[PDB]
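Just the one chain here, the form deposited without the ligand, laid out as structure tokens.
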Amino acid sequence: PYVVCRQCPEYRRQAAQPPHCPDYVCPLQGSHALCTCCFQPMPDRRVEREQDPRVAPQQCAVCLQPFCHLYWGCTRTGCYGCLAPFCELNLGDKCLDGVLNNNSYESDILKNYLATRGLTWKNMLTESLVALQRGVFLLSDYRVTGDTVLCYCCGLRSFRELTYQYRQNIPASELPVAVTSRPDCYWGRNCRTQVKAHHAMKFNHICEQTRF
């Protein structure tokens, strides 16, 4: 497939098939990869970077998919900045929405707790990443640190896990009594019924599956 990117030489551009009517420059033997976020081609320089750390990262260290943001700036509605060190990743203004269990009721409780104290999601992440570094909080992607260069989706996935642990560690005395009065759901954080508003309001889902 003929491909022309931001950094392709002019001669390449003028040789593409024409439309229908009613510092780096790409070498001949080089290749292109499509940004997983914006679908636009960029020169694929990952192999080069392996022995030259001077080349900007072009992939998420967690899912290994390519993203163009650190390399030359990605633009798309819905794109907040799709590749970054985790501690600096832009998760968007709505990242607290459904952050706990995809459960708006549980999530609103956390939003209220943070807003009451004038805290932002950023403050919560910073505190959570301190705990992560001490080994007090844990991640499924267990090798991720605040310094890992990762994408929006992988960062968000870990932010949900850190946030759940942050929530877990809030003393009951610091939450409204209407929150703490609710009995634990037998099925815990993975309950499938908590997507229904009534069930979500009735039971606490910040807990684990009941076993014995």
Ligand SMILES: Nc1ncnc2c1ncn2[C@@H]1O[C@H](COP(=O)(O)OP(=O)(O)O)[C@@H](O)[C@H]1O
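Note that residue numbering follows the sequence shown and begins at 1.
Note that the form deposited with the ligand bound isn't included here; everything after this is about it.
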Superimposing the pocket C-alphas so that the ligand sits as it does in the bound PDB entry, and applying the rule of 3 or more atoms within 2.4 angstroms of backbone or C-beta atoms, the verdict is open
Exercise. Give a yes or no for residue 189: in the bound PDB entry, does one of its heavy atoms lie within 4.5 Å of a heavy atom belonging to the ligand?
Key: no
- prompt: So in the bound PDB entry, does any heavy atom of residue 185 sit within 4.5 Å of the ligand?
  reply: yes
Only one of 25-33, 159-167, 145-153, 177-185 sits within 4.5 Å of the ligand in the bound PDB entry by heavy atom distance, namely 177-185
